[PDB]
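For reference, the chain that follows is the form deposited in one PDB entry, supplied as structure tokens.
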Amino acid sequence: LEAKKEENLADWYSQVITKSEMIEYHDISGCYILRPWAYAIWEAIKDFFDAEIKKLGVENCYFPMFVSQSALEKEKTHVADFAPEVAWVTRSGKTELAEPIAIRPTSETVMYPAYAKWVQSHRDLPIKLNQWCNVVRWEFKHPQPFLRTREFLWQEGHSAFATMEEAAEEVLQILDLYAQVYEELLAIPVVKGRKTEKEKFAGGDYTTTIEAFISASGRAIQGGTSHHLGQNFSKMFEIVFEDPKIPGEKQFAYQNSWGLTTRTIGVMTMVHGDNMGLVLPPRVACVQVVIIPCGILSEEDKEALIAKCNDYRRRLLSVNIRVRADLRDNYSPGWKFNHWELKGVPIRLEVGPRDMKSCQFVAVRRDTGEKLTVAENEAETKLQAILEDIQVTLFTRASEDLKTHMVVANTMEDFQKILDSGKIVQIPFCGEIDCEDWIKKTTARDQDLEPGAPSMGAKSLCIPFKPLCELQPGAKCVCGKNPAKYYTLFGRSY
């Protein structure tokens, strides 16, 4: 890497994603190629989330990518929010279409006409569906690989229930899974919370979210969201049923929306990435251990050394360790070391002639760089132990970094100074869209930051379920105009 994370974050990130062979650029702005190395991380997330949502009775399906103008516009505030971000198809080949069709930014308006048909009685509920698909949003934002892309891969779950209580329970169940995806797969701590009125999903009653923190830039980012849509969509799409207990009266179904994207991968890079490259949490690493021959003798001797490497490979494969042996003749060991370091492989396994004769090998951790000499027979258990430990250290390091960078302020003045220290702050909040808009403008106007940093106002992240402090009985919004409703997390963001 030429660039350093502390010196220039953008250049560092740009170098990490390309040199790790995760991302390649496209000639369409905001669109990035997910090379195998990146894609494998997404596949690992998929394997885990899928198993978990199957336990909850959720089933996979595939809905069409195209939505009609009529369907898109059925729920009025939802379409109002998304109409500018929607890409329109207006012609096939040379023929203009009679009616333009929209690429889904989100599949509520695609799926709910089908839900209307399928729900004929109360027995038809609940309906729990999920799809893994691509979606396109032309947002007015600066695009960054993974974090903010014009096209993105995601999953979207859409559920429908007879009662609000049943729907409410699912929301938090999904939000916990997302937390698990971040915390125990990616070793990233998150803050569960409820979005404010201004930042909540258009068309839902309420939105839950997980917020992650990137130490380097001092900014927070949304990891995933789970919404309760109430009956806003069911009244518009006529997803209705007759309650046995309430004769002759049509009930509207209660609905939830939940989504998680390839943004995760960017967050993982920003949080754990270092100046030697990418750092993969062992849980999501395509390759957990890479075996490299050293000290390359006769043709027979070279073959035997290769055979030793491949035996290690077999041993690790048998204990469910994901392992590759880099046996290429064309690259020197040193080249290989750097290459795999750049890609963030958790463990490098070094094997030379002297080590083979001595019945030992060298393990090098990616997180710390600790070199360690292990006995040949203790390979499975020791490396398994090291991998388990790398995961904990990454999560531990990040948890400590989150803990100290999230603090409490009770004045606008206090809020400003801490924010400009590269921190996120829980403040007492009115909850009004006016309070929030004013804060955005003010935190930017009064901001004091380093010579390069551009003007960036703070926005709400979430109203935490578990705030650091309880709200003082008579406390007021930092604006001073009205009383505080809840402690709310605020910060610079994406």
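Throughout, rigid core stands for the largest set of C-alpha atoms superposing within 1.5 Å between the two forms. In this text, residue numbers run from 1 along the sequence as written.
Heads up, the form deposited in another entry isn't pictured, but that's what we're talking about next.
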>> After superposing on the rigid core, which residue out of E151, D389, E139, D274 has its C-alpha displaced by 2 Å or more between this form and the one not shown?
In response: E139
> With both forms fit on the core, is the shift of the CA atom of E75 between this form and the one not shown 2 Å or larger?
Replying inline: yes
>> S226 and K74: their C-alpha distance differs by 3 angstroms or more in the other form. Do they come closer or move farther apart compared with the shown form?
In response: farther
> Closer or farther: the CA pair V191/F140 in the other form, versus this form, with a change of 3 Å or more?
Replying inline: farther
